[PDB]
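Here you'll find one protein chain in two forms, each presented separately as structure tokens under the names structure 1 and structure 2.
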Structure 1
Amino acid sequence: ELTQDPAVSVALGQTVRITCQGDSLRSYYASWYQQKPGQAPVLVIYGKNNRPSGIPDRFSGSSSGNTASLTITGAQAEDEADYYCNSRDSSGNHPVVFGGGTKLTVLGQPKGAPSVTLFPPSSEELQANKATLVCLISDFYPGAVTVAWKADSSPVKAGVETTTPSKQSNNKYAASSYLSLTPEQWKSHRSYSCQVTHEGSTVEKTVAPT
């Protein structure tokens, strides 16, 4: 069993040290991986201070006794990710153990308003006696947002499915919301609206049957 801190934060341009602690580390070296949301883990440290090709030299590794440390000198925005240490157990037949992970937050990144795009139901779905409204939200930072739907000028609240925010490749966030209606309901109102609020400011997009 290897222990890590669950959350560590660093400001842009400063140095951070992620620790990995375990009794097995007295016998075998520690490797490190970086993982960004929606991707596979990437090896950054074989062990000691040896890195694969392609890993910038701002990453460095060290170890002593029962602890190992990954050090990032001069953190940049692309270093925001999860980090796992990994080694070989010293007891028994030596299974392989992982650390719990460390979510590394980089401070000082720029804010951003959400970009909203609302699609009305397609003619093919209506002919199949169904109707979906698609509200696509992207490029907002920080990653907190609230979505509300409106039939004409009234809240609907029924048939709404909204995803949790996920981090894009540019460290900003995206989300989506779906409103499922019957073809009768879509044609018996004059408009529907998707209202997206972020950091106190709201963006409202409206569609209409035509």
Structure 2
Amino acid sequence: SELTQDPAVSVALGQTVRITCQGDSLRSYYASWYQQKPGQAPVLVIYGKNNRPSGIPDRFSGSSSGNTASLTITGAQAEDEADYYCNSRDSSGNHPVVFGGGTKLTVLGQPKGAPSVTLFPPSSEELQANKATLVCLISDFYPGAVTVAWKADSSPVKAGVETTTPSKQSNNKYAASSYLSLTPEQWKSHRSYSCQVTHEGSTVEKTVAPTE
């Protein structure tokens, strides 16, 4: 039939969480588990029952009872924050393979970090190509949520603004980016432009000026 699992659950840093996968197909086949982080391929963490592949830490354990398979994570760490899919083979028909909807695991209590903002003005090579893009890079923050506001001089500017959703860095902190696309005339006709990054109620602003 199908595999059903809760689409989201949270666990405190160092605590234990049990992710459940249910489906009549689990009555005759073992359920495997995968861990997936954004921009990466799934990584198998449980072959079935409680057998882990080589390199998977011991705190990932698998159990089952009836038509319900469970993945338990003891002592959740920051890098455990990811999506977890259960997977098995259907017990009817030609035995097609079925995936659970996935479970998005939030790990609470990670160390807070204020965003580090770097604002690049339009490069001179881009200006000589008759384009002006302001690049606002935001790094090393947690929680992984942020809002960005752009200013021309002191006035708001919403047109031409594109911003990415935060995603994890290699150091488990989050990073994001925002772009303000201007024509060369819009760039040089103002005294300054600002990138305002709000995070957990606090705001970091960086400013660039065409003349400097």
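Every residue number counts along structure 1's sequence, beginning with 1. Take the two forms, superpose them, and find the largest set of C-alpha atoms that agree within 1.5 Å; that set is the rigid core.
Once the rigid core is used as the reference frame, the Cα position of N171 differs between the two structures by 2 Å or more. Relative to the superposed core, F140 moves its CA by 1.9 Å between the two structures. In the rigid-core superposition between the two structures, residue position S24 carries a C-alpha shift of 0.8 Å. Here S64 exhibits a Cα shift of 2.2 Å between the two structures, evaluated on the superposed rigid core.
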